[PDB]
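[1] experimental structure below, sequence on top.
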Amino acid sequence: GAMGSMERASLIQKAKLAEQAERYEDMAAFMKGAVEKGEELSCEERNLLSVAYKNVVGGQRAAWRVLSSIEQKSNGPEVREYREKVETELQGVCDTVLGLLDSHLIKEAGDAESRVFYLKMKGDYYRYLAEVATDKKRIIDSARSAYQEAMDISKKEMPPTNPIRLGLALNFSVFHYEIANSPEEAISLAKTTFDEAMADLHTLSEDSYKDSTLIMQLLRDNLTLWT
Amino acid sequence: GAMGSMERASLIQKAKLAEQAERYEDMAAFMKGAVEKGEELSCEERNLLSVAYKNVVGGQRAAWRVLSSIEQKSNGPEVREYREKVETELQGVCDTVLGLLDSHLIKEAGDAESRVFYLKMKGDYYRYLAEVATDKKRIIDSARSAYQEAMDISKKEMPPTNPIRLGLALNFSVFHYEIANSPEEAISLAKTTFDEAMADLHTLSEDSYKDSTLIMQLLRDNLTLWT
Amino acid sequence: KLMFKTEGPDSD
Amino acid sequence: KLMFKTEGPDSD
Ligand SMILES: Cc1cc(C(=N)N)sc1-c1ccccc1
Ligand SMILES: Cc1cc(C(=N)N)sc1-c1ccccc1
Ligand SMILES: Cc1cc(C(=N)N)sc1-c1ccccc1
Ligand SMILES: Cc1cc(C(=N)N)sc1-c1ccccc1
Ligand SMILES: Cc1cc(C(=N)N)sc1-c1ccccc1
Ligand SMILES: Cc1cc(C(=N)N)sc1-c1ccccc1
Ligand SMILES: [Ca+2]
Ligand SMILES: [Ca+2]
């Protein structure tokens, strides 16, 4: 692609600069370029990839919800047309991320930390497709499958306070609540995740304790909304 | 361009939707499309045009300053390259706006409200070019010239509380302070503008008074910083 | 749309 | 860069 002539290290440096500049579309394109070099990503590089596309799709999701709400209240073709424009661009970003994961991040990821990270992302970007889907069932089952494989590996291979495991459970629980229409499964997962992490905090350093409790607080926030 | 097949009214409707969705690049492209229909713009349409491009260039300016500061502290080619990338895109947006104003918004604007609005914009987008210029003199003089013609018309044709006149003086004063390195001219203009507006507030309705005092407060804010 | 908490940047 | 007040959206 357009980044094929730039060094991998330069793409990573510029992704970090684009983050500082809040230039997340640039950040995402630089990290896409880095992935397409074909080498595995480090922990820091995986986080750069995720932060970039989360910011990009986050703006599109927020736009889509504004337009969808206007559209629903309005029910001329303009509101529908422009909602469809934004929806199509959002689906394109999701398709791009899923393509990176499938070609070939997931298959080359052998360590639990990398494989769970990528399978969580796969679940997330199928979930974002599900939010706009109206084939919705197949999309939902693809999110569930990715999340479920990530959970199984995380439960075998990672401590219950591991931040990737915690963020996976948080997002899978939200999937259950509002995509799968399984609010009891959502609440159950969030509770069990919070409680098993609480009982393992005593093993952690001050810095790891801060990392884990920050995501535990998100689980708590959702439980407060849900119960 | 790409908007040539969409109705003028649909482009305006979608610009309003894009504003609500905080999709300012879309908003700008829709309003560019509307301008290129060749009809004059209404007051509301002029404001849509200005808000759209101000948000777009505002993001680029903020990014450029982040990168410029990193670059200056750093003095590999990456920081310079990426600053140049952002700078080039910012200059392209400015060039686009200036092209709309020159083809043919300004020449068809006969009313003082429309002509001052567009000449203010011309000053602003040459000022944004000046902020990144290192031909800087010619760019600065093009901003000054546009602002000065706008001021002359506004002083002849508009009351001193008119919000367009007030926003023009505010921005011209900032031009003086930090582009032209004339801080005394800046302070003088802001003071005289504030005082002549204060003495005309008694003529205004409640709603017009709120419009004018909001921009007077920006003049005050700057004077507080400058003195 | 009430949005619940999910991992990473609350970008939407 | 201290930015002074200018008209319209404080978008930067
Ligand atoms: C959450 C975060 C954001 C960062 C940035 N914007 N540079 S660095 C960072 C981090 C996290 C864990 C361990 C070391 C650094
Ligand atoms: C967790 C995180 C988020 C980051 C970012 N936003 N840049 S960098 C980062 C990290 C991870 C491992 C080692 C060093 C830095
Ligand atoms: C079903 C599917 C699988 C995808 C992938 N693996 N990249 S992208 C995708 C999709 C969904 C909605 C609209 C356009 C494309
Ligand atoms: C400042 C502003 C923002 C608006 C919006 N986002 N829709 S409408 C508006 C305005 C201003 C003057 C007279 C009538 C409406
Ligand atoms: C001043 C302004 C800003 C606007 C916006 N952001 N949409 S619309 C608007 C206006 C102006 C004249 C008559 C009706 C609306
Ligand atoms: C001097 C000038 C006049 C312009 C116009 N009327 N559109 S755009 C422009 C410029 C400035 C810097 C970099 C690229 C283009
Ligand atoms: Ca459209
Ligand atoms: Ca670059």
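    Arrived safely. Numbers count the residues shown, from 1 in each chain, chains lettered A, B, ... in the order given. Ligands and ions are numbered 1, 2, ... in the order given.
[2] excluding chain neighbours, give the residue nearest to the residue of chain C found nearest ligand 6 in space.
    In chain C, the residue found nearest to ligand 6 is residue C:11; the distance is 31.7 Å by CB to the nearest ligand atom. Every C-beta, even on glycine, is put in place using the N, C-alpha and C of the backbone. Spatial nearest neighbour of residue C:11, chain neighbours left out: residue A:58 (2.5 Å); criterion: CB to CB, 6 or more residues apart in numbering or on different chains.
[3] isn't that neighbour up against residue C:7?
    No. Applying CB atoms under 8 Å, one finds residue A:58 not in contact with residue C:7, separated by 11.9 Å.
[4] for the one residue in chain C that gets nearest to chain B, which three-state class applies?
    Using CB to the nearest CB, the closest approach of chain C to chain B is made by residue C:12 at 10.6 Å. Taking DSSP: H, G, I helix; E, B strand; the rest coil as the rule, one finds residue C:12 in the coil state.
[5] tell me the residues of chain A that contact ligand 2?
    Counting by CB under 6 Å from any ligand atom, chain A comes close to ligand 2 at A:19, A:43-44, A:47-48, A:51.
[6] out of those residues, who's nearest ligand 5?
    For the residues of chain A next to ligand 2, the nearest to ligand 5 is residue A:19 (29.9 Å; CB to the nearest ligand atom).
[7] tell me the one of the residues of chain A next to ligand 2 nearest chain C?
    Comparing the residues of chain A next to ligand 2 against chain C with CB to the nearest CB places residue A:51 closest, at 6.0 Å.
[8] apart from its chain neighbours, what residue comes closest to that closest one?
    residue C:9 (6.0 Å).
[9] is the one you found in a helix, a strand, or coil?
    Of the three states, residue C:9 takes coil under three-state DSSP.
[10] who touches residue A:81 in this structure?
    residue B:14 (CB atoms under 8 Å, 6 or more residues apart in numbering or on different chains).
[11] could you say which helix or strand holds it?
    helix A:78-100 (DSSP states H and E).
[12] put the alpha carbons of that helix into PDB.
    Output of helix A:78-100 as PDB, limited to C-alpha atoms (Å, rounded to 0.1, in the frame of the first residue of the first chain):
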ATOM      1  CA  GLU A  78     -30.900  12.700   2.700                       C
ATOM      2  CA  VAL A  79     -30.900  11.500   6.300                       C
ATOM      3  CA  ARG A  80     -30.900   7.800   5.200                       C
ATOM      4  CA  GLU A  81     -28.300   8.500   2.500                       C
ATOM      5  CA  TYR A  82     -25.900  10.200   4.800                       C
ATOM      6  CA  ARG A  83     -26.400   7.600   7.600                       C
ATOM      7  CA  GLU A  84     -25.600   4.900   5.000                       C
ATOM      8  CA  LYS A  85     -22.500   6.800   3.900                       C
ATOM      9  CA  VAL A  86     -21.100   6.900   7.500                       C
ATOM     10  CA  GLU A  87     -22.200   3.300   8.000                       C
ATOM     11  CA  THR A  88     -20.400   2.100   4.900                       C
ATOM     12  CA  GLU A  89     -17.200   3.900   6.000                       C
ATOM     13  CA  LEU A  90     -17.500   2.300   9.500                       C
ATOM     14  CA  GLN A  91     -17.900  -1.100   7.900                       C
ATOM     15  CA  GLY A  92     -14.900  -0.400   5.700                       C
ATOM     16  CA  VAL A  93     -12.700   0.400   8.800                       C
ATOM     17  CA  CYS A  94     -13.900  -2.800  10.500                       C
ATOM     18  CA  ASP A  95     -13.200  -4.800   7.400                       C
ATOM     19  CA  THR A  96      -9.700  -3.400   7.200                       C
ATOM     20  CA  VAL A  97      -8.900  -4.300  10.900                       C
ATOM     21  CA  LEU A  98     -10.400  -7.800  10.500                       C
ATOM     22  CA  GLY A  99      -8.300  -8.200   7.300                       C
ATOM     23  CA  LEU A 100      -5.100  -7.400   9.200                       C
END
